[PDB]
Amino acid sequence: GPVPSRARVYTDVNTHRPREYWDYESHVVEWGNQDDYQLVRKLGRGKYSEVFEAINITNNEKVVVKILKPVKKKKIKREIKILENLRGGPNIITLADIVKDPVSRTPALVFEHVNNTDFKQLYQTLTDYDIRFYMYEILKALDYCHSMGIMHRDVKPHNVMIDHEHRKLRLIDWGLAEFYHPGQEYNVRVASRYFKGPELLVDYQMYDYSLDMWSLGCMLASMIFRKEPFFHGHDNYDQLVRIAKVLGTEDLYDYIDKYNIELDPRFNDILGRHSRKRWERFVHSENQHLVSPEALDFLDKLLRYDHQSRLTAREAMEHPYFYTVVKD
Ligand SMILES: COc1ccc(/N=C2/NC(=O)/C(=C/c3ccc(OC)c(O)c3)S2)cc1
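Okay, so the sequence shown: first residue is 3 according to the deposited numbering, each after it adds one.
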């Protein structure tokens, strides 16, 4: 069978914290008053919720209200517990309140408001310095939640709110996040297609925080190469082919061989043979101002098949890529 795997860092965080830290099924929600918040406009509708701009009339404060669609109470308490465990963390969205929505019959989460510009406009104008700056700010958030025993599992541009005027970043949408427990087998149906790690795409369930580092690598490649998304698969199978055409098939086989994993035989007719490419081939006159040797080396150390070989968030913050970023 498959070879087990554990994270190389923060392995035992949850087994040394009290059961109440991670046993989200037993969490008792503390309810606020739903009448404190007036909905202003709908911002978005997802698979599991709808998001609204709102105002706290007992505050005059702008907030964001996320009203949950029905899903098993386990996953609602999971997201609530995770947001409360992480509240106050560097660049973590702050959960201000929780209420019962009378119409939906489901909880509604109240968040701090971030005056963000959508990434499709923002990524068109981010400079080399901006990308390094915001990548460092994301790394602060990930190392924090990783150090707190939590993996986000849905890192993507949509889940990174940026108020570019105030240089403020928040990592949002913790609805897929989960507590890391060594040896635990997790659902591989997480993250968006373009940001799924190879571990998900080969159905290896004993993954860890390093999944988020793959997703971050995918974001980085889209930004510095100005190709969003970078690995643009048509489905989950073609997604791994897209990755293999860049990272090569020999290291893909080394990866699945290390973990005693087999590919789905439907890859037989589609995967092919590919050498590993030099990242410089994606450089051209329209993105070269975003690319440096340090950028390519950093990206190369995030986008590894072997989840055990990717930089940790901590190690990533040590990379020369960030030497130019002013640290507060
Ligand atoms: C496109 O449909 C959806 C549906 C649900 C979503 N899920 C969230 N999960 C969070 O935590 C969110 C927090 C948030 C969003 C925007 C903000 O400012 C504009 C802000 O301050 C906080 S959104 C996202 C998009």
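For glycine and all other residues, C-beta sits at the position ideal for the given N, C-alpha and C.
Assumed close pair residue i, residue j - CB separation to whole angstroms, cut-off 8 Å
i	j	result
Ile133	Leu292	6 Å
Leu304	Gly219	3 Å
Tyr239	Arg268	6 Å
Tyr39	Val65	6 Å
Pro231	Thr13	Actually they are not in contact, since the Cβ atoms of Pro231 and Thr13 sit about 31 Å apart, beyond 8 Å.
Classification of residue i by the beta-carbon crowding that lies within 10 angstroms, buried from 16 upward
i	result
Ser212	buried
residue 2	Residue 2 falls outside the range modelled here, since the chain spans only 3 to 330, and no answer is possible.
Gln241	buried
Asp210	buried
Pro159	buried
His286	exposed
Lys122	exposed
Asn16	buried
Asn87	buried
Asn62	exposed
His321	buried
Beta carbon of residue i nearer than 8 Å to that of residue j
i	j	result
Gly151	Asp99	no
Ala315	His148	yes
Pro104	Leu70	no
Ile140	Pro200	no
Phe197	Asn289	no
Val5	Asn262	yes
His168	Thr119	no
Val157	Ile82	no
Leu202	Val192	yes
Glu52	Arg43	no
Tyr146	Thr326	no
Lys260	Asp308	yes
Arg80	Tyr26	yes
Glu296	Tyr323	yes
- request: Ignoring anything shorter than 3 residues or poking outside the segment 3–51, list the beta strand (DSSP E) runs there in chain order.
  value: 39–47
- prompt: In chain order, which continuous runs of the beta strand (DSSP E) of length 3 or greater are located wholly inside the segment 164–205?
  reply: 170–173
task: Jot down the residue ranges of each uninterrupted beta strand (DSSP E) in the segment 65–149, minimum 3 residues, whole runs only, in chain order.
output: 97–102, 109–114
query: Curious, which full-length alpha helix (DSSP H) runs of at least 4 residues does the segment 251–286 contain?
result: 251–260
- request: Write down every uninterrupted run of the alpha helix (DSSP H) in the segment 223–251 whose length is 4 residues or greater and which is fully enclosed by it, in chain order.
  value: 238–249
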